[PDB]
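One structure is given here, and the rest of the page talks about it.
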Protein chains: 2
Amino acid sequence: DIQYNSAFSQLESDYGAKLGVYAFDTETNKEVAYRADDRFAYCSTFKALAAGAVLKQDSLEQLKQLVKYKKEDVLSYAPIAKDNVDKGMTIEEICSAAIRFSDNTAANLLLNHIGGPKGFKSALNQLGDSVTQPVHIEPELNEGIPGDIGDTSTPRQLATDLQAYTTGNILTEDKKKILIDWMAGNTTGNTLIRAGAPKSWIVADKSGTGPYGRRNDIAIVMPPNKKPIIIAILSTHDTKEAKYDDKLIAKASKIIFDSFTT
Amino acid sequence: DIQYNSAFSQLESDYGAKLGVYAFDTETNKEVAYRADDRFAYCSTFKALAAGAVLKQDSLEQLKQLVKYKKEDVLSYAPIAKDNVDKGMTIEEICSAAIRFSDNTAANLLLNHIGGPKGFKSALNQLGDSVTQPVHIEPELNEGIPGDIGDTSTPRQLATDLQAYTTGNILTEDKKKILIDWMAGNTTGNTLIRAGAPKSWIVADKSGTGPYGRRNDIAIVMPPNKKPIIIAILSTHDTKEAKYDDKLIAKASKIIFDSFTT
Ligand SMILES: [Cl-]
Ligand SMILES: [Cl-]
Ligand SMILES: [Cl-]
Ligand SMILES: [Cl-]
Ligand SMILES: [Cl-]
Ligand SMILES: [Cl-]
Ligand SMILES: [Cl-]
Ligand SMILES: [Cl-]
Ligand SMILES: [Cl-]
């Protein structure tokens, strides 16, 4: 549709950024797609998908397994894991810290639990995703130069994978609920898709950030009385030290919701 | 071959028992088969296969997960688990106790870890076994009446499954070694296949016993400098209170080894 294309292109001009959008409304089977098959560095958005992979791999009781790690594993952004070296963290605590706070040590422990980047890639391939290309752990995974394929995916692919874990048949009902609750109600989401959403449409998201002014958000959005909307919004700039502005994401989200509520 | 058929039939007459034998020599691709496709109650032999299923399901680190259980789970034969109610047991400790000592509480914890009898059946089906029919947990699983299909398999099928876990491509090299070591050097095996084996041919087995004078043994046998032999010997009697005699199994084993060393 040409109305939203113009609005997204205007955002690109206004913010000096490249924007990639894919949204799918499962109530109506409509989509919004803008550079939906272009690659972007996914940054921390992957943490929600890797937690999906944990849930698929593991029984519910395996989520209680305690993991011990060392001070050397504590990275410069590890707001939960830096305080749990002595006692350890369980798998579910690791997934929560990675999704709710984007803790990078928790994200590395999560990746270790599913076999490293190569194991995460294998899990995505088993789901039918041959586009997403995990290569690195934290902190390198958001630092790739433009043009790398490693640590990238497309808006469409990320949305498709999130839809598979949160609404498809990959996970049991109870595991879907665990994942969605991990993604719900976290402050890291406040300025992004949630900022552009209607107040009663519940947003459960995972944000991402990186150099090149990268700023991303993926989400499941749940309107009252309707089936959910799945969204991926990825964005980047040309130069490594560029600033990002979260309003780009919030405004892109408002365009998506307006397009689905006509 | 008609020579071993006569010898096995003579054992049946001598002991008043029904004997089922399947052995496969992977060095030479020869077999010994006697009622190999008849069903028998497998009794505790399954514990080795269920431990295979644990290894396939779980990462190496998941074997260290601690499991807590209650006094009510402690059965009348639980020589290891009865002493670990307070502190718990890890998954690898559970698999060891089930295989080395035939602990029935450990076997139930093992079954729980792979989804109950139905989960164990699903794992065997994924391996290509559509014959073995797990139904019960301990202690009921060895108590079925003759003619039940539940909790039965055939000599051929049990040997085929043991071969898949211990020598096939189901498990990594390290996991194969864990399984074979769990099965090696346990006293419960001393009077059975090991009693009929040459002294330098290393036997790693899992025994079984039940009412109807049921007495079974499955094993991987490793001659020096050669590829292994996989064996299942199952036996039963007609009446519930019948006694068994381990020499039936040891003598059947000697027939197998003589047949393979001509
Ligand atoms: Cl644990
Ligand atoms: Cl921190
Ligand atoms: Cl948390
Ligand atoms: Cl699942
Ligand atoms: Cl919200
Ligand atoms: Cl006991
Ligand atoms: Cl033990
Ligand atoms: Cl494996
Ligand atoms: Cl031996």
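The numbers here are math on the coordinates, done by the rules we state, and not lab data. Because the Cβ atoms are built from the backbone with ideal geometry, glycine has one as well, and the counts that use them run over all protein chains shown.
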Open item on the list: If you rotate chain A onto chain B, whose Cβ in A ends up lying nearest the axis, and how many Å away is it?
Closed with: A:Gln65, 2
Open item on the list: Quick check: Cα centre of the range A:148-208 to Cα centre of the range B:164-194, how many Å?
Closed with: 44
Task: Of the trypsin sites (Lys or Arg not before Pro) in the range A:176-234, those whose Cβ has at most 12 other Cβ within 10 Å and which sit in DSSP loop - done: A:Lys199
Task: Surrounding net charge for A:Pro228, when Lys and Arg each add one and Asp and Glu each subtract one, Cβ distance under 9 Å - done: 0
Open item on the list: Assume the label is 7 Å from Cα along Cα to beta carbon: what separations in nm does B:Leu66 have to the matching positions in the other copies?
Closed with: 0.4
TODO: Per DSSP H run of n ≥ 4, the term is -39500 (n - 2.57); total these for chain B, divide by its residue number, and report the mean residue ellipticity at 222 nm rounded to 500 deg cm²/dmol.
DONE: -11500 deg cm²/dmol
- [ ] Output the relative contact order of chain B, whole-number percent, from Cα pairs under 8 angstrom with separation of 6+ residues.
- [x] 26
Task: Ascending list, in nanometres, of distances separating the B:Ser6 label from those of the other copies (7 Å, Cα toward Cβ) - done: 9.8
TODO: Using the Kirkwood radius over Cα pairs, work out the Stokes-Einstein diffusion coefficient for the protein assembly as shown at 10 °C and 1.306 mPa s, in µm²/s as a whole number.
DONE: 61
Open item on the list: A 20 angstrom limit on the alpha carbon distance is what I want to check against. Which of B:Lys175/B:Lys206; A:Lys176/B:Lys118; B:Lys47/B:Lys240 exceed it?
Closed with: A:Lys176/B:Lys118; B:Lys47/B:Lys240
- [ ] Give the share of C-alpha pairs in each 10 angstrom bin for chain B, from 0 to the last occupied bin, in whole percents, shortest bins first.
- [x] 7, 33, 37, 19, 4, 0
TODO: Ignore the peptide's own chain and count Cβ atoms of other chains within 10 Å of each Cβ in A:52-60; give me the average, rounded.
DONE: 2
